[PDB]
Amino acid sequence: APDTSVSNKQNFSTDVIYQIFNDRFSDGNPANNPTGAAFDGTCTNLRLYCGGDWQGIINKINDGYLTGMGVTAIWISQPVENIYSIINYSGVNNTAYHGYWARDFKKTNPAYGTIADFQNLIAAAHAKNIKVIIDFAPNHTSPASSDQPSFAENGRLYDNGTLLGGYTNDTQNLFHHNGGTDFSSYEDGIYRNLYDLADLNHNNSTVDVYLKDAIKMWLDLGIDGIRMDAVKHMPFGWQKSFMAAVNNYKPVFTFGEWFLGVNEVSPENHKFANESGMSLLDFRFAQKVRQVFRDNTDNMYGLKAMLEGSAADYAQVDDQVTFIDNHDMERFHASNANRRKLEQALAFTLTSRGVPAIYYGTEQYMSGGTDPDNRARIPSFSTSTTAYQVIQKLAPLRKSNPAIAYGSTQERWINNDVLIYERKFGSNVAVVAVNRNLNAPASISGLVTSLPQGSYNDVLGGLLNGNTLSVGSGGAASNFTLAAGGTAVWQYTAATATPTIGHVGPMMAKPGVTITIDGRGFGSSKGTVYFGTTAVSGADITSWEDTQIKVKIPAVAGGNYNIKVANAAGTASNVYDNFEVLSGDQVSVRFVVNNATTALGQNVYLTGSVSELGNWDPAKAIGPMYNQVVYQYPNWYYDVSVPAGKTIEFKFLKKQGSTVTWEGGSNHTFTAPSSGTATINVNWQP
């Protein structure tokens, strides 16, 4: 199958995601609507159930609303059973219409539908070439009060009907009892409760095994991807073990929500996306887009800096899920704002690197403040808005033009208000010109592109006042006027003769797992696949065609490898780096080291005899470790994904920058559990 097939669960870069808030999209089955004080069919009270469900999504899939827009993937609300409690917050009733208050991860939320309804949704979506992504929130269950168990459902967790436990009298330690986070540090936001939500303890074997078994059920139901909720609030090491469980079973594209504020650039964020096994929602991209196109707090130079910076900071920038707003932000379109701002932001997002995600209703110019005002019922299913047409014209380009799906990004022209950038991949090019200034046109002279000489019509057909481009010798465009609020897209596509890798997924797994290598020019006959210097050919290459290769990971030692392929003739492709071969199945283990004193700025790290611990390379040590919540300095702790049942030798380090101080004495040693979790507690050896 081609890289663009709906069957490709490892690659969403050629897709356009439509984020659906189930309850506020379409009520296709009134029979499953909650009743009484938990329901408002008019959807005037945005804190109660409005009725939107899976049958509604099926109907909108079947009547062409999404297909006609060019949407090829949908991200829906967490499908698991939520609490049925109506929570009163200072005189205001609240329900779990949003789906983020889970009580049983192995059952469906009856308001959305039954297991059968879910199966029909997967079927209907796939029949229309639409992939299905489910939200999944394993950080917590629901709102709870430790000393007032009558509140809500006490964050109670069930396993397919069987009660596991609640927040009160939690003798099993299924949850954290470290108070609430003040967001002062990553550790604080991870091991303390997010608001009043019962924080799940992933170091508890029951919780660990339970959640991994749960995701497997959904994977068996045929989902194509996962949107992980609040990943900044769960142990990064546990999450790596979670992604390993997914990838070593049935890998699907996974991205997490790591909120970033305006002007925030987080090294920890980059590291997570680069080493966790999942990518992230691109808040850096979203916040900068809002600054430039919505709020006028930065200009095109800032947009350019974000593009060049993110391309350098993310190992796989093409896996980051871009957006201009969501359910936790004020709607991009302000009621009294010029609609061109939203239209440009959309055009920019749809033609930029990564995986574009559109919040439902954006195409209908929905406006609204913060939660819950940004979650109104979609007011119309019109295909005639300019925004709908913008998506309709550009979304399909991610399928037809690989430069947009996998291309590099290069600024070709720029000033305060204008940015003209070029996407390029193999013998494919896309050039996009955007003038955010709504009152002043720009004179574009000196523009040079990789487009072959000739005339190029605006793909948008002048919808956003774009113009035809005249390209002369060497790719130099003749002078032209970029209209006020002008946005234009020009492109060139042709067959690529040389092997070119545009994407690889999953990027982390154990030997034997099948990965997907997508691109152009691979040829029709099986070639060779390289993991570092190791060559793979023949039987282990399950299938091979010009745009997609399916190949089993070779039994090489755990570590980081560069991926490259060569066609049957022997011509090598470009290198796609940072692929991690795991040492085997993974388990989450907490390491604790006692009395490890440091000076301010100096932190303790973990190193060891397996790639999961960096194979004794300090530059690849695990950390910085924590020392505030679960354990207190001079004691440090950290949760780490390690190979199951393996005997591992390890030592702790004290690092400041790249300067490292090693533990003295002999290596510590232990054997990782075959399943579930474990805690290894040792003393720092001078």
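In case it trips you up, residue 1 is the first one in the sequence shown, and so on.
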query: Of 336-344 and 143-151, the stretch whose C-alpha atoms average the higher B-factor in the entry; finding: 143-151
query: Mean Cα B-factor comparison, 493-501 or 405-413, giving the higher one as deposited; finding: 493-501
query: Selection by C-alpha B-factor (highest) of 10, 13, 666, 19; finding: 666
query: Largest Cα B-factor, entry values, listed residues 565, 429, 305, 568; finding: 568
query: CA B-factor placement of residue 313, once the chain's modelled residues are sorted into thirds; finding: middle
query: Cα B factor band for residue 595 (lowest, middle or highest third within the chain); finding: highest
query: Lowest, middle or highest third - CA B-factor, residue 117; finding: highest
query: Chain-wide C-alpha B factor ranking for residue 58, given as lowest, middle or highest third; finding: middle
query: Among modelled residues of the same chain, the CA temperature factor third for residue 37; finding: highest
